[PDB]
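A.B. asks: Can you read through this structure? Questions will come right after.
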Amino acid sequence: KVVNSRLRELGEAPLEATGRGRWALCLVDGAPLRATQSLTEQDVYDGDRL
Amino acid sequence: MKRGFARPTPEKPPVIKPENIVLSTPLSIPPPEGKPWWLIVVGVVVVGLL
């Protein structure tokens, strides 16, 4: 929501897709992150990209 | 959140070696020694006239 809100301030269209599925965070190779664990448990630190 | 980092003992940098060098003194121009050119010129005339 905040990303979509910020995109409109940038004048860019919000994130949208069609078909059965869901929205989630992924790595540069496309692998999705764990949905039930803390970012402190995963190997995420300041300055990472997702 | 950040990854911890402890600084170890610094590794040896490459040592600089100064040098003292004395330049070679230039060559000296040979003073103008001189042949009695006219004497041999008269000579070859005299023997020829004989």
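Chain labels run A, B, ... following the order of the structure tokens; each chain numbers its residues from 1, and ligands are numbered from 1 in the order shown.
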So that I can see what lies close to residue A:30, please list as a count of residues only the residues with an atom at most 12 Å from it, counting only C-alpha atoms and leaving out residues fewer than 5 positions away in the same chain.
C.D. replies: 3
A.B. asks: Please run DSSP on the backbone and report, as a VMD selection string, all residues within chain B that come out as alpha helix (DSSP H).
C.D. replies: chain B and resid 37 to 49
A.B. asks: Produce a table with one row for each residue of chain A that has an atom at most 9 Å from any atom of chain B, each row naming the nearest atom pair and its distance in Å at one decimal; use only C-alpha atoms; arrange rows by chain and rising residue number; format as a tab-separated table.
C.D. replies:
```
residue	atom	partner	partner_atom	distance
A:40	CA	B:1	CA	8.2
A:44	CA	B:1	CA	8.6
A:45	CA	B:1	CA	5.7
A:46	CA	B:1	CA	5.9
```
A.B. asks: I need the chosen residues saved as an mmCIF file, in the first residue's frame, with N, CA, C and O atoms.
C.D. replies:
```cif
data_model
loop_
_atom_site.group_PDB
_atom_site.id
_atom_site.type_symbol
_atom_site.label_atom_id
_atom_site.label_comp_id
_atom_site.auth_asym_id
_atom_site.auth_seq_id
_atom_site.Cartn_x
_atom_site.Cartn_y
_atom_site.Cartn_z
ATOM 1 N N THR A 40 15.084 -10.693 11.502
ATOM 2 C CA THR A 40 16.292 -10.891 12.288
ATOM 3 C C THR A 40 16.723 -12.345 12.257
ATOM 4 O O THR A 40 17.904 -12.645 12.470
ATOM 5 N N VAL A 44 18.933 -10.840 6.652
ATOM 6 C CA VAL A 44 18.597 -9.502 6.171
ATOM 7 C C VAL A 44 19.196 -8.473 7.125
ATOM 8 O O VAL A 44 19.084 -8.608 8.350
ATOM 9 N N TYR A 45 19.832 -7.449 6.557
ATOM 10 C CA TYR A 45 20.499 -6.394 7.308
ATOM 11 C C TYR A 45 20.354 -5.088 6.533
ATOM 12 O O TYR A 45 19.933 -5.071 5.374
ATOM 13 N N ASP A 46 20.705 -3.988 7.198
ATOM 14 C CA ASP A 46 20.633 -2.662 6.590
ATOM 15 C C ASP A 46 21.356 -2.606 5.251
ATOM 16 O O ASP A 46 22.503 -3.038 5.124
#
```
A.B. asks: Distance atom CA of residue A:33-atom CA of residue A:21, one decimal place?
C.D. replies: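 The value is 15.4 Å.
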A.B. asks: Quick one: pull the distance between atom CA of residue B:9 and atom CA of residue A:48, Å, one decimal.
C.D. replies: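 So the answer is 29.0 Å.
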A.B. asks: Could you work out how far atom CA of residue A:10 lies from atom CA of residue A:32, giving the answer in Å with one decimal?
C.D. replies: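 These two atoms are separated by 26.6 Å.
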